[PDB]
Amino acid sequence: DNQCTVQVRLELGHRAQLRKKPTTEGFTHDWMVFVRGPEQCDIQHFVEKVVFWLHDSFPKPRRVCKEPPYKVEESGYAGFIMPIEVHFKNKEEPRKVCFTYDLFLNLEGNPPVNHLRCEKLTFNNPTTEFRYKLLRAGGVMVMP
């Protein structure tokens, strides 16, 4: 009778391409990973920050974006599994969500990578304050 759910959508994705020639350091690939909303949505209303956990080999592997764009642009030798934490402007649980992102590169001779992973987040009975943020972001209220 006082229940609701608010669904919001996140898009995680990455692009990778084999450099025409490797960098001095022998980096073979450029890549970019991101978190975004669908078009006409503003996820910054409910996202405090996004944390991208790069392979321990990278300088400052804990890459924090506190405002859009939520992305990391890098060059590298190899794909890896990237924890991505999306922190919410929520005073209560859940305070964040963690994704395990498959940052895979294109093997020599394959076209560039351009992947998207769509994530629907369902908040059950958010606080008044957090519900407001989710809706401002373009979130959809479902009643029972």
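In this text, residue numbers run from 1 along the sequence as written. If you superpose the two forms and keep the largest set of C-alpha atoms that fall within 1.5 Å, you have the rigid core.
The higher RMS C-alpha distance to the shown form in 6 other deposited structures of this protein, out of 88-96 and 113-121, belongs to 113-121, with every structure fitted on the core. Relative to the shown model and aligned on the rigid core, the C-alphas in 6 other deposited structures of this protein deviate most, among 73-81 and 102-110, for 102-110. Of the two segments, 22-30 and 111-119, the one listed with the higher mean B-factor is 22-30 (C-alpha atoms only).
For the pair 55-63 and 76-84, the mean Cα B-factor is higher in 55-63. The residue among 35, 47, 103, 41 whose C-alpha carries the highest B-factor in the deposited model is 41. The deposited CA B-factor of residue 136 belongs to the highest third of values across its chain.
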